[PDB]
Amino acid sequence: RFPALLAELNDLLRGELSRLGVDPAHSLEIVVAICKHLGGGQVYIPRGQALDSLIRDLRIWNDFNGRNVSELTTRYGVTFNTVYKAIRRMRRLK
DNA sequence: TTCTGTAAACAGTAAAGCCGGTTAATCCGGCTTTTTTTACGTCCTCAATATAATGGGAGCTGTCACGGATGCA
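The first sequence lines up with residues 27 to 120 when you count with the entry's author numbering.
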C-alpha cells in the first residue's frame, strides 16, 4: 500500500511546487522530511473533519446577517439547530 | 554443506467525537367560531262588547240471520 500512495503523494507535491514556482524536485525533500516527522504507526489519512465543520459554521455565519438563515437552509440544506449553535459559538469567541 | 526462528510490515477487531441530519418542545400575532346581551320587532295572551236574543235531535238507520242468554211481568 505504501509505494503507490507515496508515489502519488510525491507527484502531487512536485506539481504543487511547480504551480507555486518552487522546483518540483524539492518535493522529495518535503516528503523525506514528512517521512521522518509523521511516522510511528498505521493510521488512515483523512481531512480536518472537525476543521471541516468549523469552516462550515464560519461560512454559515459569515453569510448569515438575519433572515438569510432560511437561505442558509437553502444554501446546502442543513438544520437551524446547528446554525443557532454556530451563532452562539461565534458570540462566544471574541 | 541443509533445516529452524524474527523483526519490518501490512490486514483485522473495538470504541467514541463528532456530527449531518433527526425529532420534540415553547413563544408572538391573528382568524374564527362560541357564547353572551341588548334592541326590537314579532308573536302570544287576555279582556270586553250593554236592543235583543230562552230546548238538537241531522241524519238517521234501510233492514242477515243464527243461536245464546237474559231479565223481566
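Note that the Cβ used here is the ideal one computed from N, Cα and C, for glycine as well.
Here residue 79 is exposed: its Cβ has fewer than 16 other Cβ atoms, across all protein chains shown, within 10 Å. Boundaries of the alpha helix (DSSP H) harbouring residue 38: 28-46, taken from the DSSP string. From the listed residues 114, 34, 81, the smallest Cα separation to residue 73 is found for 81. Within the same chain, and ignoring the five residues on either side of residue 61 in sequence, no residue has its Cβ closer than 7 Å to its Cβ. For residue 120, there is no enclosing alpha helix (DSSP H), as DSSP marks it with neither H nor E. With fewer than three CB-CB distances shorter than 8 Å, the region 46-63 does not count as touching the region 102-118.
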